[PDB]
Each structure stands twice: as structure tokens, then as C-alpha cells.
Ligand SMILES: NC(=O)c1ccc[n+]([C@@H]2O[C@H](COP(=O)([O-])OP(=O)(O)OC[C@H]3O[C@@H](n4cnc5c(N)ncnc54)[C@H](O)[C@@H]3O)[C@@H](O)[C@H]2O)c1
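Here we start with a single chain on its own, the form solved without the ligand, put down as C-alpha cells.
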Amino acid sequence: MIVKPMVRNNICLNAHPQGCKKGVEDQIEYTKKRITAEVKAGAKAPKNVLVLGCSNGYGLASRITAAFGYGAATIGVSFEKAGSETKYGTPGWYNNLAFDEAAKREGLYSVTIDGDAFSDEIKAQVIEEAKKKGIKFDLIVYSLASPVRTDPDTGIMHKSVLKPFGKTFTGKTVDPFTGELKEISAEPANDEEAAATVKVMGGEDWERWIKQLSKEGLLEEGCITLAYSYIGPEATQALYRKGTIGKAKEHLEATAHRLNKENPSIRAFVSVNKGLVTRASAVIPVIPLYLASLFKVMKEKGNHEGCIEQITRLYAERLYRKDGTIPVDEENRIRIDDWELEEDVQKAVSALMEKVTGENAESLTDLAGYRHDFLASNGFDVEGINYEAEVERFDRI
């Protein structure tokens, strides 16, 4: 069985087990070189970390940075599909396996809980695991990437949508594989859609995790909790500020404020991260063209970051600094999109988006970098992996 990427409806349908593994190992290796003795010396360190959404992207990087950077014990939660002998698991399933294996090889405590993180069943499972080991958490990272949430008190399922308000949102977009430029649109959402999105992307579950953990006395004094979010460029403020996403963000930010007021011994932040290729990226106008242009501009400037570069910087230069402060903006958010939103960067990116055409997209923007990030998420196009070799089982890594 030769496994090559199968992409349809802008989604990569399969995954490569050894590729996903090499991907995790590469992040671990970077972490070991980035988070050195000097970087840690004189700063505090996380000891027991809970990561909700630990199998991909920022969540996975957060777990790797905690464990292999700072030597912390970690419990990760994610909802994956296991693989069988002949059927693909989700990429996150192979990522978790690779993580737990490396953690064990290093003698680090690591436990992965697979299930719906929005459910009280899973929360109860973390709680009992913590009480057994005698763990109290000092860092809780909320990085849940789901388009749907089944409300645990009412059982009804909500799905988020990505739409503006009042006026339809139209803009250029690009296919990184073909090079095709198009114009697509997002029509204004209704109340049902807006309310569903808030339900999925807001801070309801974040708060629920904190309260249940609090009641069971599983939060260490001074415990940091973070939720990842995105603000983005001016070109997409219609969705990220005044769209359905913007409303969910406002809810998440209000949730963070309330967590700080109700738990005096806690430090809760929304962490605003940089833009990267996500599963949803292809359905949003402007975004795929923005990212390709951002990648080009930042790689040329020399400050391009992927997930693990972002999060290691988050730990070393926001959470665990030697001056003991946690720098925030005027609204008390941690900002690591500071490089992305630099004036010179955004100006050049905008110029690039204005100039892009059909024949020049490949050379003007970084579609190649975009393709790589898209594929690497599922374990494809990873350096050092043969890909012409057959995979015996989809049961191991």
C-alpha cells in the first residue's frame, strides 16, 4: 500500500504514519535546541500541564514545548480516529502515538485521553487521572479545533460558520496546488448561525474545564490558563472582527476576564497567535492568498514562524521570562502575532495581494510553502521520508 496525498473538497483525506511521526520528532528536536539551559535558567517552569486539543497545530506544539523543552508532565486531550490494519487514522492519532512514544523514551510522564473534549465524560476522565497521580495543574492550554460542539447539558449539536454580518464578504483567493485565482464570497450569517458559532468557538467549554478542575482542587496556586485565538490583517476584519468569528472571540475574551475575577489564584489569558494554514483556510475568502503572501514576505525578511517556533517563543518570551512578567496588550491579551502585524510586513503583503495574477502567483507568493504546510499536517511532503516505500500497516508508526 503506497500512501500518497488524496485531496478533495480542499481537504486532505488520508495521512502518512511515518511522516506524521517524523513531523513530531522534528518539532521535538527543534524544541531541544531552542529551549536550552540558558533559556530556562533563572525563569520559572511549568511542572504539570493540561493541553486540550493536543494532537495538531498549536496544541501539539504546546505539549512538545512543555514536555521536551521544560521537562513537564503532560495530560493531552484530543478527539481522534484510530487506525486499523487497512484504514487510515486521523493525522492527530499518529501524532499522539509519536508523542507518547518519545515521551516514554525520555522518561517523561505523559497520558493521552482520546475523546470528545466538550463532554463531561472526558472531563471526568482527566479529573480522575489527576487525582490518582496526585497532580495539580499549573498550566492549562486550550487549543480545541472543532467545527462542531455537542452541548453537554442539552445534547444538541452546533456547527460554527465563518460569515460576515450585514454585508456579503468577497475577495480574491488562490489554489496553491493549481495556481488558480478566483473570487469567492461569504454571505452574511443569520442569528442561528452566529449563535452556533459562539457556542462552538467561544469560551463556554474553556470555563467549564476550569470550574470542574477548580471544584476538584486540581489547580495549583498561580495556575496559568490560555486560549489561542487570531486577530489577523485589516483585509479580513469583516470576518475576524465583525463577523461570526469576531463575536466568538469577544465571548472568549469576556470569558478570560471572568475567569480572572472568579478565581483570584489564576492567570487567564487569550493568546493571539500568528496566521497559519488550517483545515478551514480554503473556505475563507482572502485568507489563502494572504497566507501565501505573508509567508513570502516573512521568509524574505527572516522572521517566518511555524507552530513550534511560535509556541517555544510563547513559553520563553511570554509565560516564563526572566523578568517574571507576562507582557499583554491594552486588552490584557498575550500577543505573539507581533511579528506578523508589523507595519512593514503588512504593507508589503497588501502590495503583493494587489499585484497577484494567474501566471505570477507561484513566483510572487509562497504557494510552495503553503502546499508544504498543508501536506505536512497530514504527514506528507516531510523531509527524510521516502514516500515510494509501501506502508505495511496503518496500525503503528
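Throughout, we count residues from 1 along the sequence that is shown.
The discussion below concerns the form deposited with the ligand bound, not included here.
The three residues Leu144, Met201 and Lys274 all sit with a heavy atom within 4.5 Å of the ligand in the deposited complex. Remark: of stretches 327 to 335, 354 to 362, 49 to 57, 30 to 38, the one touching the ligand in the deposited complex is 49 to 57 (heavy atom within 4.5 Å). Proximity of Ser229 to the ligand in the deposited complex: non-hydrogen atoms within 4.5 Å are present.
Taking non-hydrogen atoms only, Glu220 never approaches the ligand to within 4.5 angstroms in the deposited complex. Not displayed here, the ligand is approached by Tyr240 to within 4.5 Å at the level of heavy atoms in the deposited complex. At a distance threshold of 4.5 angstroms between non-hydrogen atoms, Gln125 is out of contact with the ligand in the deposited complex. This chain lacks the partner; the member of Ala256, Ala117, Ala196, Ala130 within 4.5 angstroms of the ligand in the deposited complex by a non-hydrogen atom is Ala117. Only one of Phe269, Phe79, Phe137, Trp206 lies close to the ligand in the deposited complex, with a heavy atom inside 4.5 Å, and it is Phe79.
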